[PDB]
Amino acid sequence: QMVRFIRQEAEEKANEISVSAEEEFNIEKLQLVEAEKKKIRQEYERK
Amino acid sequence: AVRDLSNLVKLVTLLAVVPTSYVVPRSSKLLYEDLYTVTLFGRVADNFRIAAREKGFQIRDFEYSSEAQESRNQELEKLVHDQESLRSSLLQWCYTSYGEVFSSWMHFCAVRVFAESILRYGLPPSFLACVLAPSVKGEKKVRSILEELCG
Amino acid sequence: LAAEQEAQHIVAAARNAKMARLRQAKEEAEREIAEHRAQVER
């Protein structure tokens, strides 16, 4: 009843947290690519 | 209604429902007895509500924590100490003040009697009167004796 | 109760989120360096 529903909700929260883990890994992967263009511009052709 | 934390059972809450089956582990009985406890568990709020105040017996109000009950007991000890102070030590102080007030009233009465004598006799301080607490017939006898100098 | 086990799994996944972000940041630094190296080598 209530205990099973709370268990299902917490399992959904665990699934959301794992999805957030994957999303954060991909977010770091993209963020490293993010803002690199300005650094290359000021480092390569400015030089 | 009040100070029910002193009789608390210390998932459960202070209810003491004075005149339940679910997935929650209702197979339990709190120690909140002076009242009685009911089968309830914190896994399901519905079971706790049913066992406390949903129907039938009503949940009795209690101090938030058993520490509040302990503080109430300590304050009760301090209040008993203060009342005993006011009733014994402050009572002795009041008795001393009453004795001092009696002495002051006696001195004021002596001064008034001296003034009355100065009115009825020589101005320089000189008195030969007496003070007591006789009965009404005693007062009549005193008046008969002192009718020579009456106001 | 199963709720406690599911909450423990949720906490484990929450910790794994912070772990995976930091783990992927270092590898992503390699990709950023590779893009910079391609830009330079051109």
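As drawn, each chain counts its residues from 1 in written sequence order, possibly unlike the entry's numbers, and residues without coordinates are not displayed. All chains are assigned letters beginning with A, and all ligands numbers beginning with 1, in the order in which they are written. Because the shown chains make up only part of a larger assembly, each value pertains to the shown part and nothing beyond it. The basis for every side-chain value is the complete set of heavy atoms in the structure, and neither hydrogens nor water enter the calculation. Residues with missing side-chain atoms are left out of burial classes, side-chain pairs and their counts.

Its PDB header attributes the entry to cryo-EM and lists the resolution as 4.2 Å.

Undergrad: Could you clarify how one ought to interpret the overall build of chain C in this entry?
TA: Put simply, DSSP H or I for four residues or longer makes a helix, DSSP E for two residues or longer makes a strand, and each gets a number counted from the N terminus. Per the secondary structure count, chain C includes one helix and zero strands. Taken along the three principal axes of its C-alpha coordinates, chain C extends 60 × 10 × 5 Å.

Undergrad: It is not clear to me how the overall build of chain A should be interpreted in this structure. Could you clarify?
TA: Summing up its helical and strand segments, chain A has two helices and zero strands in all. Across its three principal axes, chain A shows a C-alpha extent of roughly 70 × 10 × 5 Å.

Undergrad: How should I be thinking about the arrangement of the chains in this particular structure?
TA: Whether two residues are in contact is decided by their heavy atoms, any of which lying within 4.5 Å being enough. There are two pairs of chains in contact here, and the one with the most contacts is chains A and C. No part of chain B reaches chain C; the closest C-alpha pair between them is 8 Å apart.

Undergrad: Explain unusual backbone geometry to me, please; I cannot follow it from the model alone.
TA: For residues other than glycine, phi is negative in most cases, and the peptide bonds are mostly trans. Even without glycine at this site, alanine 35 of chain A takes up a positive phi of about 70 degrees. With respect to the helices and strands, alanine 35 of chain A occurs in the loop between helix 1 (2-33) and helix 2 (36-45). The backbone of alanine 16 of chain B sits at a positive phi, close to 50 degrees, despite the residue not being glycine.

Undergrad: Can you walk me through the interface of chain A and chain C in this structure?
TA: Where interface size is given, it is often the accessible area lost as the parts come together that is meant. Taken together, the contact between chain A and chain C spans 17 residues of the former and 20 residues of the latter. Here the term charged refers only to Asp, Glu, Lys and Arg, the term nonpolar to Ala, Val, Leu, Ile, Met, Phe, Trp, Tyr, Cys and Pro, and the term polar to all other amino acids, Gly among them. Split by residue class, the side of chain A that touches chain C holds nine nonpolar, one polar and seven charged.

Undergrad: What am I meant to see in helix 1 (residues 2-41) of chain C here?
TA: In an α-helix, one full turn covers 3.6 residues, which means residues spaced three or four apart are oriented alike. The span one expects for a helix is its residue count, reduced by one, times 1.5 Å. With 40 residues, helix 1 of chain C extends 57 Å between its outermost C-alpha atoms, agreeing within 8% with the 58 Å of an ideal straight helix rising 1.5 Å per residue. The quantity called bend is, for any residue, the angle between two axes fitted respectively to the seven residues ending at it and the seven beginning at it. Maximal helix bending in helix 1 of chain C amounts to about 25 degrees, located at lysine 26 of chain C.

Undergrad: Would you take a moment to explain the packing of helix 1 of chain A against helix 1 of chain C for this structure?
TA: When two helices pack together, their arrangement is given by the angle between the helix axes and the distance between those axes. Packing of helix 1 of chain A against helix 1 of chain C leaves a shortest axis separation of 7 Å and a crossing angle of 5 degrees. In terms of axis orientation, helix 1 of chain A runs roughly parallel to helix 1 of chain C. Split into classes, the residues belonging to the contact of helix 1 of chain A with helix 1 of chain C amount to 18 nonpolar, four polar and 10 charged. Inter-axis angles, ranging from 0 to 180 degrees, are taken between N-to-C directions of lines fitted to C-alpha atoms, where helices are fitted over the stretch in contact. Orientation categories follow fixed angle ranges, with anything under 35 degrees roughly parallel, anything over 145 roughly antiparallel, 65 to 115 roughly perpendicular, and all other angles oblique.

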